[PDB]
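Input: a single structure, listed below in structure tokens.
Values in this text are rule-based calculations from the coordinates and carry no lab data. Positions of Cβ are backbone-derived with ideal geometry, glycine not excepted, and every protein chain shown enters the neighbour counts.
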């Protein structure tokens with residue numbers, strides 16, 4: 001099955017998921033000089049005060065922090081979006097080295113990691129329905145650089161030893177995702193896709209301009225995770241990122257001049 005190795009990595013995915021070569025694939029390089037300021041784009045509204053985190057899961061590709069999405073508790077609105085998008089999970093993509101790991105790039109620059117806060121459009125009723133719609137998902141992408149520690153990330157880092165291998169989960173209640181946001185909500189936006197199979201073209205991407213900083217120790221703990229299940233040969237969970245895909249007939253818009 002698909003993964004990030006030589007024999008099952010991003011260059012192979014098209015054989016099972018032909019949309020991999022589609023018209024609105026993600027991630028992309030964000031060419032900052034060619035993105036256009038769109039003065040009509042609204043400020044984002046990130047309403048996470050009532051968020052209810054539930055669990056953290058190593059799914060063999062990344063780790064997901066899952067939320068209760070059966071009510072409007074943590075929602076994203078505004079910006080390029082029409083309607084209300086509920087937070088379902090967040091996860092990260094990261095590298096084996098500090099100079100790679102992000103999925104999106106900025107003027108070809110790779111960050112050490114990238115956080116995806118995944119939300120679905122409540123007009124479609126459930127996540128599984130939403131991924132079948134061109135405006136089904138809104139993903140807030142946040143770059144990570146290595147520097148000072150991010151205090152709001154530490155509770156996530158703390159629990160990773162409990163979910164080392166594929167299929168392990170742990171209770172993860174009362175986590176506040178507001179602690180993962182940068183100061184500014186300035187963003188780029190474009191229509192794209194899931195960055196993992198099934199690669200469905202259902203995402204409005206909202207990529208924040210300002211990265212967060214995390215420490216060397218925090219990222220090193222991400223890199224101790226395993227792609228494998230317990231009792232299988234150890235393969236470190238690193239370099240779980242898809243490279244930039246062709247922009248094709250898309251324009252990236254900026255919320256800021």
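Expressed in nm to one decimal, what extension gain is obtained for the pair residue 217 and residue 184 from 0.36 nm per residue of sequence separation less their Cα-Cα distance?
Extra length from residue 217 to residue 184 when fully extended: 9.4 nm.
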**Complete:** residue 42 and residue 21 label points (each 7 Å along its Cα→Cβ direction) are spaced in nm at 4.0
**Asked** What's the percent breakdown of Cα-Cα distances in segment 128-257 across 10 Å bins, shortest bin first?
**Response** 10, 30, 39, 19, 2, 0
**Prompt:** According to the square roots a ≥ b ≥ c of the eigenvalues of the Cα gyration tensor, what is the shape class of segment 198-252, taking rounded for a/c under 1.5, prolate for a/b larger than b/c otherwise, and oblate for the remainder?
**Reply:** oblate
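Ratio of alpha-carbon Rg to the 2.2 N^0.38 Å globular estimate for segment 170-238, to two decimals, please.
Numbers: Rg = 16.3 Å, N = 69, 2.2 N^0.38 = 11.0 Å.
It is 1.48.
Expressed as cubic angstrom per residue, what is the convex hull volume of the alpha carbon set of the chain?
On the way: hull volume 31.0 nm³, N = 257.
Spelled out: Cα convex hull of the chain, divided by residues, is 121 Å³.
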**Fill in**
Given 110-118, 148-156, 37-45, 20-28, the highest-first ranking by average Cβ count within 10 Å works out to 110-118, 20-28, 148-156, 37-45
**Request:** Before anything else, pin down the relative contact order of segment 149-235: Cα pairs under 8 Å, at least 6 apart, normalised by residue count, whole percent.
**Result:** 36
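What is the antiparallel percent of DSSP beta bridges lying wholly in the chain, to the nearest 5? Intermediate values should be presented prior to the final figure.
On the way: 44 of 56 bridges.
Counting DSSP beta bridges with both partners in the chain, the antiparallel share is about 80 percent.
Going by the alpha-carbon gyration tensor, a ≥ b ≥ c the square roots of its eigenvalues, is segment 28-71 rounded (a/c under 1.5) or, if a/c is not under 1.5, prolate (a/b greater than b/c) versus oblate?
Details: a/c = 4.89, a/b = 1.59, b/c = 3.08.
In terms of gyration-tensor shape, oblate.
Given the -39500 (n - 2.57) contribution per DSSP H run of 4+ residues, what per-residue ellipticity at 222 nm results for the chain, rounded to the nearest 500 deg cm²/dmol? Spell out each step's value before the answer.
On the way: 3 runs with 17 residues, N = 257.
That comes out to -1500 deg cm²/dmol.
Taking a ≥ b ≥ c as the square roots of the Cα gyration tensor eigenvalues, with a/c under 1.5 meaning rounded and otherwise prolate when a/b beats b/c, else oblate, which class fits segment 1-96? Present the calculation step by step, with values, prior to reporting the outcome.
Values: a/c = 2.27, a/b = 1.21, b/c = 1.88.
Since a/c reaches 1.5 but b/c is at least a/b, the shape of segment 1-96 is classed as oblate.
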**Complete:** Length gained, residue 224-residue 170, 0.36 nm per residue minus C-alpha separation, equals 17.8 nm
**Request:** Provide the packing ranking of 211-220, 7-16, i.e. peptides ordered by the mean count of other C-beta atoms within 10 Å per residue, highest first.
**Result:** 211-220, 7-16
**Request:** Return the distance in nm (one decimal) between the two label points of a simple spin-label model at residue 155 and residue 97, each offset 7 Å from Cα along Cα→Cβ.
**Result:** 3.5
